[PDB]
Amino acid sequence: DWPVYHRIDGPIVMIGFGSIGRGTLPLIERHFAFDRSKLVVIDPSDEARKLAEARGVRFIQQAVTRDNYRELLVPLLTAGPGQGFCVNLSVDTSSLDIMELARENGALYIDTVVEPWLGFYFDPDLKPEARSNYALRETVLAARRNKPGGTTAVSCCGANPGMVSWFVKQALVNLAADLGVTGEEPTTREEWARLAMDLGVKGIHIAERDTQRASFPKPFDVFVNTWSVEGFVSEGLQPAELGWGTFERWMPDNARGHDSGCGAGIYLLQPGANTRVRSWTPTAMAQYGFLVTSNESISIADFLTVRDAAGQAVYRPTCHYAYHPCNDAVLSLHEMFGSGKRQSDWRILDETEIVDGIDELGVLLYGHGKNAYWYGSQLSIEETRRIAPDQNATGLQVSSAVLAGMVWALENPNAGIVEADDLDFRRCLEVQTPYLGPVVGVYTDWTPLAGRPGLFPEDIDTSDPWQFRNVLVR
């Protein structure tokens, strides 16, 4: 039977009951021991309420806001008798503020994104830099510097960001082993960064192809996706953003850096979901991905940075998302950007509405001696239905990563604010792997210069195929 990993000796407050909350609830019920009445879900949606009622769980129909979050969450999280867990799977709420509240009150915390309070992105006074995930992540890093240690709070532990950080570590270990380099895995950040450097990893794509197909044709003026439409659209309209590698010799005119922080990132003055990059996955082969911002684009690049004695970064990989979402989402983006406005309506594909497909999600490490190596999950919708209810393949990759992060936090409850790169990757993947379907590593000789130059002149760097100059669709 399914492993029960830990007892939760206090309230479980789930904030948000959308596609991820719905997929995560049954895993929490499955894998943790707790009096069922300890769990309560908070979401303003009527649709969410009706589903919660059907699932028999306590439900509070309320939006968490800057104005009410303390009066609402403090009593719920401290109801006792022991340590509670705030599982934040919402939109429109401040990850940082909720995380800091949980910590102040001794509750564990996890989320899958650094989200700001509602209103954040449509303020007519926020410059593009302030919209970036770099900036948002810096608020979390600052919180950690201000209050080191204390109760564990796991930031950005979904599929991506989240799981993909563990994939990068496993991929680095495999690359070394495949070269016949034996010896202990790295144990410190510095050792991981040096392993990437020593293997000659120039960069990393979070290389995803979602092939889930709907049972109905795409409706006009409806945005369709396999996870949050609101969240995807919001992220898609943020600047394109990437961790910026030391090997890069060119950036677009509209690229910008940051005055402060870890130094690992740049962003482009254009929306990520309307920015294409040339990339590759095992099922897609060569494909376009969208250069949508993601926390791990920065966090992984930062994590794998090697500095000289003077503190200057001398090695860092490029890192960014190369996302090919489901066909209906591709059409939805073309519709949205073509119209200049959000569709009037949206829907998230339910497992009952998906005829077939997988969410192929992995990390593509490139520039090393074997050119490119993709490592990740090929979870199908059919396998998903066999192993976890109320979600599609996209959702299960996320919900199972939340499960893994929750197990890690319960096992390591005094670790302070941590990112996915800080967790024990082997333990997290041991928890998650039952929900990931095939997890495979595949080498390819494909590069962004395959078939180039073609019929027209192009500004390419033929000496270094994986330069962003060659990857970016221009």
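Residue indices: 1-based, along the sequence shown.
Set 35 to 43 against 404 to 412 and average the Cα temperature factors; 35 to 43 ends up higher.
In this crystal structure, the stretch out of 124 to 132 and 368 to 376 whose C-alpha atoms carry the higher mean B factor is 124 to 132. Of the candidates 200, 162, 261, 338, the deposited coordinates give 261 the top C-alpha B factor. Of the candidates 150, 158, 236, 325, the one whose C-alpha carries the top B factor in the deposited record is 150.
For residue 223, the recorded CA B-factor ranks within the lowest third of the chain. Only modelled residues enter the ranking. Sort the chain's modelled residues by C-alpha temperature factor and residue 17 lands in the lowest third, per the entry.
Among all modelled residues in its chain, residue 111 ranks in the lowest third by Cα B-factor. For residue 356, the recorded CA B-factor ranks within the middle third of the chain. Only modelled residues enter the ranking.
Remark: residue 28 belongs to the lowest third of its chain, ranked by C-alpha B-factor as recorded.
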